[PDB]
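Enquirer: For the sequence shown, the deposited numbering assigns the number 11 to the initial residue and increments by one for each residue that follows.
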Amino acid sequence: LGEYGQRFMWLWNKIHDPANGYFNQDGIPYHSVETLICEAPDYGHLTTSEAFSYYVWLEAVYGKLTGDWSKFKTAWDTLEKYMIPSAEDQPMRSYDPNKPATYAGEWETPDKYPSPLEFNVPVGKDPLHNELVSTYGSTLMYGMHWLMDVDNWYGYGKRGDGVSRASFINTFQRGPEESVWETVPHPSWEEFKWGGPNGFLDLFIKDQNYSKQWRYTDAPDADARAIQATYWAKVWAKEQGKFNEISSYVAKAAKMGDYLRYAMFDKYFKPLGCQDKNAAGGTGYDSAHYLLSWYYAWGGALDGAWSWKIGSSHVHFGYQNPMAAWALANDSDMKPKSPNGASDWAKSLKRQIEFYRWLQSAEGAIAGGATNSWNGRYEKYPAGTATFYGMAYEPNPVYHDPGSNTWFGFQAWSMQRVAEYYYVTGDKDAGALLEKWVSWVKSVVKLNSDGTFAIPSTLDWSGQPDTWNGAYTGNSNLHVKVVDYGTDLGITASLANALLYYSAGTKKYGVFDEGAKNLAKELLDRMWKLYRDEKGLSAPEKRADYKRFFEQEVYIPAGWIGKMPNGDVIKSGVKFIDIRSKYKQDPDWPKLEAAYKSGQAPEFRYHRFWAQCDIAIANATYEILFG
Ligand SMILES: OC[C@H]1O[C@@H](O[C@H]2[C@H](O)[C@@H](O)[C@H](O)O[C@@H]2CO)[C@H](O)[C@@H](O)[C@@H]1O
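(1) Buried or exposed: residue 701, going by 16 or more other Cβ atoms within 10 Å of its Cβ?
(2) Locate the beta strand (DSSP E) running through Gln223, then write down its first and last residues.
(3) Quick one: using the 10 Å Cβ neighbour count with 16 as the cut-off for buried, is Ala29 buried or exposed?
(4) Just to check, is the beta-carbon of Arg618 closer than 7 Å to a non-hydrogen atom of ligand 1?
(5) Quick one, which of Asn34, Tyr259, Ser63 and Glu60 has its alpha-carbon nearest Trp163's?
(6) When the Cβ atoms of the stretch 356-368 are set against those of the stretch 277-286, are three or more pairs found closer than 8 Å?
(7) Spatial neighbours of residue 10 within its chain, please: C-beta separation below 8 Å, excluding the five flanking residues on both sides.
(8) Out of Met333, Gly328 and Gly386, which has the shortest C-alpha to C-alpha gap to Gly378?
(9) Which residue's Cα is closest to the Cα of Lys277: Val133, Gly153 and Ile320?
(10) Count Cβ pairs between the stretch 621-628 and the stretch 501-508 that sit closer than 8 Å; are there 3 or more?
(11) Keeping to the same chain, check which residues put their C-beta closer than 6 Å to that of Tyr482; ignore five residues upstream and five downstream.
(12) When DSSP builds the beta bridges, which residues end up paired with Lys573?
(13) Determine which residues share a DSSP beta bridge with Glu613 and list them.
(14) Which residues bound the beta strand (DSSP E) around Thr57?
(15) Quick one: what's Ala380 bridged to in DSSP?
(16) Kindly indicate which residue of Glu60, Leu46, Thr76 and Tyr53 has the alpha-carbon position closest to the one of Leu11.
(17) Which one or two residues does DSSP pair with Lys585 in a beta bridge?
(18) Please determine if the stretch 583-596 and the stretch 608-615 are in contact, where contact requires at least 3 C-beta pairs separated by less than 8 Å.
(19) If you scan the stretch 470-541 from start to end, which runs of the alpha helix (DSSP H) of 4 or more residues do you find wholly inside it?
(20) So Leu338 and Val455 are supposed to be a Cβ contact under 8 Å. How far apart are they, rounded?
(21) Using CA coordinates, which residue listed in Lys265, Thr293, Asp411 and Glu544 is at the minimum distance from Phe275?
(22) Would you give the residue range spanned by the alpha helix (DSSP H) that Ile320 belongs to?
(23) Could you tell me whether the stretch 236-251 touches the stretch 63-74, using the rule of 3 or more Cβ pairs below 8 Å?
(24) Confirm, please, whether the CB-CB distance from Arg558 to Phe522 is below 8 Å.
(25) What residues in its chain sit with their C-beta under 8 Å from that of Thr381, if we drop five residues either side in the sequence?
(26) Taking only the alpha-carbon atoms, compute the straight-line gap between residue 8 and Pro110 and give it to the nearest angstrom.
(27) Any contact of the stretch 294-304 with the stretch 82-90, i.e. 3+ C-beta pairs under 8 Å?
(28) Is the distance from the Cβ of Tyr305 to the Cβ of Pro230 below 8 Å?
(29) Using the C-alpha atoms, what's the distance from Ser414 back to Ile625?
(30) Determine the closest residue to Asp233 out of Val71, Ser383 and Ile94, with distance taken between C-alpha atoms.
(31) Would you say the beta carbon of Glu188 is closer than 7 Å to some non-hydrogen atom of ligand 1?
(32) Determine whether the beta carbon atoms of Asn331 and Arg427 lie at a separation below 8 Å.
(33) Taking the alpha carbon of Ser467 as the point to measure from, which residue in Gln421, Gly525, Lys74 and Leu488 has its own alpha carbon closest?
(34) Give a yes or no on whether the C-beta atoms belonging to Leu457 and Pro475 are separated by under 8 Å.
(35) Quick one: is the Cβ of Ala273 within less than 7 Å of any heavy atom of ligand 3?
(36) What do you reckon, is the C-beta of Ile625 under 7 Å from a heavy atom of ligand 1?
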C-alpha cells in the first residue's frame, strides 16, 4: 500500500512477467535472465538451490503483503518436484551407519586429482540415519541438490536420458583452487554415457574399479534460507488467520530442517580437533560441530550394492542462519518430527552465535570460519593456530583463489539472518555482535554527495581471533580491509535488509538506532532512483575476468580422453570454452568476442534472480517494519 510495498509489487510483477524470462517453461527460476554469466554457476540458465530458496522467500513476502498464499505454495511445489531428488533419483539401499563413506583426501590444486580413496582411514558413525528412517519411513534424503541444468543446456538429461529438462549436474569437485573456470560439468547420475570409459568419476576420485552411481550435494545455506523464509510465511499467515492453507508447507521446512542436520557433522564423522586422519572415527555427536558446513552429500550404486553420506569439515560464517535454527529449535509449528531434531537445532543456534562472535574482527566485520580437517586431510594445525571447539581458524574456508571471504556479500547475507533473529528474540549476544558490525558498516559504506553510492566489493584479512573460550575478547589482532568498491545491487539490498531488522530490534530492545534505518532507506532510495530498467533493476559491471573464457586451461590428466554430450572433446590442454562450445551460440557471444579481441573488459547489466529477490524483499521489509 505504501511507497515501499508498492516497490515490491512492481519488481514482483517484473519477475513474474513470463516475457521477462526469469523462469523456464516449467516455472523453474534460472540463475539470471541473461545466459552469458559465470561466477558460481558457469551459465545463466543453470539454477541453484540458492535461487530456489530466494523464490520461496519472495513469495512468502508476497503472501504477507497480499494475503495470497498460492504463490508461496507453487514455489515450494516447484522446489520439491524438481530440486529435491525423487525416490527414483536417489534409490538408496545398503547404507551402513557404522561405515557412512570411505575417505579421500582434498588437495591444494586441481592437477592433484583424482584423489585416491584410502580404504584403511577410519571413518566415524552416523548418528542421524536410524532416527530419520524411523521417523519418516523412508531412506529418501529431503534436501535440495545445489545445481541444476534447467533447460538441459549441457545435455545430460534426467537419470542419463539426455533429453529431460531439470537435469541434476555438478561442477566443483577438485579442491580449494578449482575456480568456476576450471571445472568439468558432469551428471549427478553417472551411467558412463559421457566423459571417458568411467564417465567422469576418475577425474575426481581414484579407485580400483568404478560402478554406475548417483550422488547429490546439498548447499546448507540455501536449505536454511528456505526454512527461514517459511518461518516468516508461517507467522504472517498465522497473523492473517490463514496458517492452515500453508500448514503442510511449514511441514516441508521442518522435514528439510531435520535432514539439514547432516550439515552439522565432520565430513567423515571424525572427532572434533582430532588432527589425525588415522585417528579412530567418532562414536556419534563427538564429530558434530553443530554449524552449517559447506555441504552435505550422499550417493549410492545404481544396483544398490552400497551407499554413502558425508558432512563437511569446513565451515563459513556466510552459511550460518540463527533465524532458521531458532525457528526449528523453539517454534512449535516448525519443530522437526524426529526425537532429537529440535534439540540438535537448539545446540546449533548457540554454537552459531558463538561462531559469529569468535570471528568478529577488531573493526566489526566477520572473518571467514574454521575447519576440522586442516588441508582437507585431518592434519596437525600449525603452532599458535586459533581454535573454536577444536576447529582451526581459516580466513578463507574451502576456496583460496580467490578467497571465499574476500567477497563482501557474505557479510550482508549472513548478518541479515542474525538481525532477524535479534529482532525476534532480543538475544543480547546477537545485539552486541550486530552493534559492532553495524558500526563497521557505517564507516565503510559510501553515501556520495551527488546521490550515488558504493559498497565494499572485495575484502582482505590479517591476523587471527583469540582462541574461543566462551567470551568475546575484542579480537584486537584480527583485521579487515576494504580492497575495493562496487554497486552490487543484490548485496546492497541485503545490507539494507540487515540494517532494517537491526534498527527495528534496537527500538524494541534498547536505544533506537535511527542512523541504521536511515543508511538502509538511503541505499534503497538511491538504488530505486538510479537503476530501474525494463526487467527490474541492474547496475553496469565490467567483467575483465571473462578473458578466462578463452584463456583458462581446464586440467585433464594426460591420456584421459572423454566427450561432452554435445561432442566437445575433453583432453589435456582444453580451455573453458573448448568444453562448452555451445556458448558460441549465445546472443552475447559476438559482444564478448569483440571485447576480448580488442583487449577490453566486457560490460553487463545483469538481472540475477536472487538479486532482484533481495531488492524486492528489502523494500518490502521497510514497509513491514517502518510502515
Ligand atoms: O559465490 C557467492 C555468490 O556469488 C555471486 O556472484 C558474485 C561474484 O562471486 C562476485 O565475484 C561478483 O563481483 O559479484 C557477484 C555478486 O552477485 C553469485 O551470483 C551467487 O550465485 C553466488 O552464490
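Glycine is no exception: its CB is placed at the ideal position from the N, C-alpha and C atoms.
Expert: Considering the structure as presented:
(1) This structure leaves residue 701 out entirely; the chain is present only between 11 and 637.
(2) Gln223 to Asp228
(3) exposed
(4) yes
(5) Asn34
(6) no
(7) Nothing can be reported for residue 10, as the shown portion of the chain is limited to 11 through 637.
(8) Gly328
(9) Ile320
(10) yes
(11) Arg367
(12) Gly205 and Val579
(13) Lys552
(14) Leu56 to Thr58
(15) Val325 and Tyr403
(16) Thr76
(17) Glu563
(18) no
(19) 499-519 and 524-541
(20) About 32 Å separates the two Cβ atoms, so there is no contact after all.
(21) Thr293
(22) It is not in any alpha helix (DSSP H) - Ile320 instead sits in the beta strand (DSSP E) that spans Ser317 to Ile320.
(23) yes
(24) no
(25) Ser323, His324, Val325, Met401, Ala402, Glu404 and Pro407
(26) Outside the displayed span of the chain (11 to 637) sits residue 8, for which this structure offers no information.
(27) no
(28) yes
(29) 23 Å
(30) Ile94
(31) no
(32) yes
(33) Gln421
(34) no
(35) In the structure shown, ligand 3 is absent; the only ligands present are ligand 1.
(36) no
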